[PDB]
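According to the entry's author numbering, numbering within the sequence shown proceeds without interruption in unit steps and concludes at 105.
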Amino acid sequence: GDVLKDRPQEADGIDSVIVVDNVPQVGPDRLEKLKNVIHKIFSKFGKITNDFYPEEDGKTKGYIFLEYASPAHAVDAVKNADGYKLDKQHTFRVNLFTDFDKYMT
Numbered sequence: 001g002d003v004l005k006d007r008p009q010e011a012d013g014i015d016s017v018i019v020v021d022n023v024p025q026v027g028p029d030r031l032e033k034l035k036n037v038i039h040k041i042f043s044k045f046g047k048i049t050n051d052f053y054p055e056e057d058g059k060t061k062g063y064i065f066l067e068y069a070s071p072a073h074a075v076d077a078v079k080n081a082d083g084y085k086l087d088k089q090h091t092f093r094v095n096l097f098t099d100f101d102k103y104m105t
């Protein structure tokens with residue numbers, strides 16, 4: 001049942017977007033700088049073409065989106081640093097827009 005010779009990759013389709021799970025929480029009017037901190041850290045992956053910081057349920061954001069046109073930045077990220085714990089809850093899980101579950105069969 002396992003396909004071992006043909007190894008599947010985590011990347012497929014749109015691999016130019018980072019999906020980041022549980023980012024810096026909000027303290028009163030402190031999320032403002034925690035917007036910028038993203039771009040400051042994420043510049044290491046390449047050039048931030050698009051960065052979208054949304055909220056969650058009208059509350060503290062628990063995810064963001066990064067789109068680059070860079071060297072295969074998401075590919076680098078997903079392979080090297082997915083789910084890296086900073087402190088308390090901040091653990092940036094990384095993946096691409098392969099959010100779909102269905103497998104081609």
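Every residue gets a Cβ at the ideal spot worked out from N, C-alpha and C, and that includes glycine.
Task: Per DSSP, cross-strand counterpart(s) of residue 162 - done: No answer is possible for residue 162: the residues shown for the chain start at 1 and end at 105.
- [ ] Identify whether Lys5 lies in helix, strand or coil by the three-state DSSP scheme.
- [x] In the three-state scheme derived from DSSP, where H, G and I count as helix and E and B as strand, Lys5 is classed as coil.
- [ ] Please list, in chain order, all residues of the same chain as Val3 whose beta carbon is under 6 angstroms from its beta carbon, the five residues on each side excluded.
- [x] So the list is empty, once near-sequence residues are dropped.
TODO: Decide if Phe52 is buried, meaning its Cβ has at least 16 other Cβ atoms within 10 Å, or exposed.
DONE: The residue in question, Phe52, is exposed, as its Cβ has fewer than 16 Cβ neighbours within 10 Å.
Task: Close beta carbons around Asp12, own chain, < 6 angstroms, minus the five adjacent residues each side - done: Closer than 6 angstroms at the Cβ level, and outside the excluded window around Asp12, lie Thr98.
Task: Three-pair Cβ contact test at 8 angstroms for the stretch 12-29 versus the stretch 85-105 - done: The stretch 12-29 makes contact with the stretch 85-105: 3 or more CB pairs, one atom from each, lie closer than 8 angstroms.
Task: Backbone CA spacing between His73 and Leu34 [nearest angstrom] - done: Spanning the two alpha carbons is a distance of roughly 22 angstroms.
Open item on the list: By alpha-carbon positions, which one of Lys5, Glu10, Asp6 ends up nearest to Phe100?
Closed with: Among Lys5, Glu10, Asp6, the Cα nearest to that of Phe100 is on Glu10.
Open item on the list: Using 8 angstroms for Cβ pairs, my map puts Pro54 next to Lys61. What's the rounded Cβ distance?
Closed with: About 6 angstroms separates the CB atoms of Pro54 and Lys61; that is less than 8 angstroms, so the two are in contact.
- [ ] Within the same chain, show all residues whose beta-carbon is closer than 7 angstroms to that of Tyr84, passing over the 5 residues directly before and after it, in chain order.
- [x] Cβ neighbours of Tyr84 beyond the five flanking positions: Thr91, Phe92.
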